[PDB]
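Q: quick one: initial chain(s) of a complex, as found there:
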Amino acid sequence: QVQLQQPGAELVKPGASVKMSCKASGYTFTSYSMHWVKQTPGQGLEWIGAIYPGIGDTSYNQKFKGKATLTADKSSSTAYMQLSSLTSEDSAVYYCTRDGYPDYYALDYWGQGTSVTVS
């Protein structure tokens, strides 16, 4: 039983910055890298980036370089993403996913997704 849980929806005013939390249970948190994806009826799905909680190595997409930052911690047991330079365009539903490389290759377990609407 593995579950990644997240809040439901966040209300934010434009220009500010918001943070999202994704906490998982049922596995060793520090060994499976956490990926972030962003969905919207416009561009389908996009890959925000990924964080390795054990070490701290981060990787970001070209499009979201500098516009979002990912962090995590061992004792926290939750990945965090803060959104730099919010605009009304970035209103979308953000999913938190797990890699799981050893036993299963791609993103196998997904969070419930938080819908952020900048207005």
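A: Arrived safely, thanks for sending. Residues are numbered from 1 along each chain as shown, chains lettered A, B, ... in the order given.

Q: what are the ranges of the strands in chain A?
A: With strands called from DSSP state E, chain A shows them at A:3-5, A:9-12, A:19-25, A:34-40, A:44-51, A:58-60, A:68-71, A:78-83, A:92-98, A:109-110, A:114-118.

Q: buried residues in the third one?
A: Residues A:20, A:22-24 are the ones in strand A:19-25 that count as buried (16 or more other CB atoms under 10 Å). For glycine as for every other residue, the C-beta is placed from the backbone atoms N, C-alpha and C.

Q: Looking at those, which one is closest to residue A:84?
A: For the buried residues of strand A:19-25, the minimum distance to residue A:84 (CB to CB) is 12.9 Å, reached by residue A:20.

Q: hey, what's the closest one bridged with?
A: Legend: beta-bridge partners of residue A:20 under DSSP bridges are residue A:81.

Q: my guess is residue A:25 contacts residue A:2, does it?
A: Yes: using CB atoms under 8 Å, residue A:25 is in contact with residue A:2, at 7.2 Å.

Q: For the buried residues of strand A:19-25, give me JSON lines that also has distance to residue A:47.
A: Listed next are these as JSON lines, based on distance: CB to CB, whole Å:
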{"residue": "A:20", "distance to residue A:47": "16"}
{"residue": "A:22", "distance to residue A:47": "15"}
{"residue": "A:23", "distance to residue A:47": "21"}
{"residue": "A:24", "distance to residue A:47": "19"}
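
Q: which of those lies closest to residue A:119?
A: The shortest approach to residue A:119 among the buried residues of strand A:19-25 belongs to residue A:20, at 17.1 Å (CB to CB).

Q: here's chain B, add it to the model above:
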Amino acid sequence: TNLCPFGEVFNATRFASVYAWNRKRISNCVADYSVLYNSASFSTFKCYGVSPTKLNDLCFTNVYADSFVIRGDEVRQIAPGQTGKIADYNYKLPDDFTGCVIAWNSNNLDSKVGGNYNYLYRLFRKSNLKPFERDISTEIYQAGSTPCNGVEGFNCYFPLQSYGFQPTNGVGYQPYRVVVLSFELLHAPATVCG
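A: With chain B now in place:
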């Protein structure tokens, strides 16, 4: 009497990294195990199937000394059964051991003011080791779905990380030199008797 070499595996000039431990095969001796047990220098002398006082009267046909260097707090993982980052990936002892694990503090010889960056240890591996199977493989470990292709950018970490051995680390991060003796019984005449 032709005593063993215990003056070139115990008080050497430099030991070996724990990921590539030094295995020295001792044979054709009249060994003196009671010099070790009554030296008051070692902080850990744990015999795991042999009576340490009855050591001096019993022949064996081969001894193996496995020398390396770890942290003080990681000496616990050199017992049969315990697991960690040393017993899992670097040096694994079987749970039928018949030997004696020896260790002492070595902060005077294995520490530099800026730090000794020469004592490595294997931080990443596919699966756990099996007894006495060293692994000198300095190739990249892949912890992600993307194939690695042999470049160490992201989720492609170098498997070996270096101990940072400063003279001010704690009595539990200072470098402890471990010498593990393991005895053998091959169906052949006995050499190491004492």
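
Q: Next up, the contacts around residue B:170.
A: residue B:72 (CB atoms under 8 Å, 6 or more residues apart in numbering or on different chains).

Q: how close does it get to residue B:176?
A: From residue B:170 over to residue B:176 the distance is 12 Å, taken as CB to CB, to the nearest Å.

Q: any residues in contact with both of these two?
A: residue B:72.

Q: Can you tell me the centre-most residue of chain B?
A: The centre of chain B sits closest to residue B:68, judged by CA atoms, centre = their mean, with a distance of 4.1 Å.

Q: Isn't that residue up against residue B:9?
A: No: look at residue B:68 against residue B:9 with CB under 8 Å: they stay out of range, at 11.5 Å.

Q: Name the SS class of the nearest residue to residue A:105 once chain neighbours are set aside, please.
A: Nearest residue to residue A:105 in three dimensions, chain neighbours excluded: residue B:145, at 4.6 Å (CB to CB, 6 or more residues apart in numbering or on different chains). For residue B:145, the assignment made with DSSP: H, G, I helix; E, B strand; the rest coil gives coil.

Q: Which residues lie in contact with the residue of chain B positioned farthest from its centre in this structure?
A: Distance from the C-alpha centroid of chain B peaks at residue B:146, with 34.9 Å (CA atoms, centre = their mean). Residues near residue B:146 by CB under 8 Å, 6+ apart: residue B:155.

Q: Apply 10 Å and report the result again.
A: A:50, A:59, A:99, A:101, A:105, B:153-156 (CB atoms under 10 Å, 6 or more residues apart in numbering or on different chains).

Q: out of these, who has the most neighbours?
A: residue A:50 (25 neighbours; other CB atoms under 10 Å in any protein chain shown).

Q: put chain C on too:
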Amino acid sequence: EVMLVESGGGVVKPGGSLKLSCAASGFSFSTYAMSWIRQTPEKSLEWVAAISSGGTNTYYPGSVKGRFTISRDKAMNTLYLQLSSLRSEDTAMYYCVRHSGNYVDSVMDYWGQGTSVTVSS
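A: If we add chain C to the chains shown above, we get the following:
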């Protein structure tokens, strides 16, 4: 039962000396590793010196290495800490601590009463 009391802490001058003694009684003294621990007025505990069971090992931190010397006397059953070159940062209480094992490895079973060191004037 087991009990440890210290003596020798008082008022000294900067760059001076002092000798804190710890008279243990209630157990065989030469089979337990022992230590001194100072607690500053900020209520922050700080390992400051440790000696093994026999006496062939002493471990000092980076702050005091070269100024504090720990010592053991099995016959008289005492434990000494000789201070030297006391800065003004050493104003603190000093506790005699008896580890449980025969090395600095194990927990700190019994803590002595303690003695105050004040380094000024």
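
Q: mind redoing the buried residues of strand A:19-25 now chain C's in there?
A: A:20, A:22-24 (16 or more other CB atoms under 10 Å in any protein chain shown).

Q: With stretch A:30-38 instead?
A: Going by neighbour count (16+ other CB under 10 Å), the buried part of stretch A:30-38 is A:32-38.

Q: starting at the chain centroid, how far to it?
A: 7 Å (CA atoms, centre = their mean, to the nearest Å).

Q: cool, and stretch A:21-34?
A: Per CA atoms, centre = their mean, the centroid offset for stretch A:21-34 relative to its chain is 12 Å.

Q: give me the residue from chain B nearest chain C.
A: Closest to chain C within chain B is residue B:168: 3.2 Å, counting by CB to the nearest CB.

Q: Tally up the residues packed near that residue, please.
A: Neighbours of residue B:168 using other CB under 10 Å come to 14.

Q: try residue C:38
A: The burial count for residue C:38: 22, using other CB under 10 Å.

Q: beta partners for it?
A: Beta-bridge pairing of residue C:38 under DSSP bridges involves residue C:46, residue C:94.

Q: Can you tell me how far it is from residue A:74?
A: Between residue C:38 and residue A:74 the computed distance is 31 Å (CB to CB).

Q: got it, and residue A:112?
A: Relative to residue A:74, residue A:112 is positioned 23 Å away (CB to CB).

Q: of those two, who's got more company?
A: In this view residue A:112 and residue A:74 are compared by other CB under 10 Å, and residue A:112 has more residues nearby, 14 against 9.

Q: surely that one meets residue A:3?
A: Yes: applying CB atoms under 10 Å as the test, residue A:112 and residue A:3 come out as touching, 9.3 Å apart.

Q: how much space between the residue nearest to the centre of chain B and residue A:35?
A: Residue B:68 sits 38 Å away from residue A:35, taking CB to CB as the criterion.
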